[PDB]
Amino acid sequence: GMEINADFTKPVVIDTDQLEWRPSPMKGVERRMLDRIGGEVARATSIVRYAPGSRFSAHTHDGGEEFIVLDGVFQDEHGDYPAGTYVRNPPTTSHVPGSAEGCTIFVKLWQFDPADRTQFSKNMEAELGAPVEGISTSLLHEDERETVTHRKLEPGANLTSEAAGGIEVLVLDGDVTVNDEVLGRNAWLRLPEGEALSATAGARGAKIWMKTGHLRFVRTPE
């Protein structure tokens, strides 16, 4: 089937601003696929853009749905999710999505444990703690499998992680140097199990989203 960066032993870095927007099944929703594994129904990581005035029929999240609103405002029957909002919609949940204004989101599908029932949304900046050596951290989500954070890095600040079970990063603002490479806004990085992350912010600092541990639990939708 469609297997995009489906060898989780390989590091990948992507300047996602260079990728073609491709059609999705939803009218007015286009996608930049980042990783994908499985047949008909997919464990998927994508950036997707909803056109202004997007209104759809309901859907259910058979494998869960996690996302960051990158720009604009996403909506459902429970209200607004403005840019900077992080959302977990666990397996078996449902809603009617839309976007009056349009939005762009970073979204993961079918990467929840089937038994997970934790659902919420969070302003990623609102619970940033005190800086520790120029890094402020907001704990977005943590369970026995994964740890999800938002990090704000002052200029020159270094985040070094030796977290187990894989490391995945999306650059939200500014830039970080990783392995001699400058990663700006919308760069996506996935590092295989055992590889340390060392990211140093540039002159304007940086903001990132980060998940660790999840590559131990890669599953094709059953």
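Residue numbers run from 1 along the displayed sequence.
As recorded in the PDB entry, 125-133 is the stretch of 81-89 and 125-133 with the greater mean C-alpha temperature factor. 21-29 and 8-16 differ in mean CA B-factor, and the higher of the two is recorded for 21-29.
Of all the options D35, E193, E66, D180, the entry's greatest CA B-factor is assigned to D180. Ranking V48, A187, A42, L70 by Cα temperature factor from the entry places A42 first.
Among all modelled residues in its chain, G53 ranks in the highest third by Cα B-factor. Split the chain's modelled residues into thirds by C-alpha temperature factor. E146 is in the lowest one. Sort the chain's modelled residues by C-alpha temperature factor and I105 lands in the lowest third, per the entry. For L140, the recorded CA temperature factor ranks within the lowest third of the chain's modelled residues. When the CA B factors of the chain's modelled residues are split into thirds, the value for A206 lands in the middle one.
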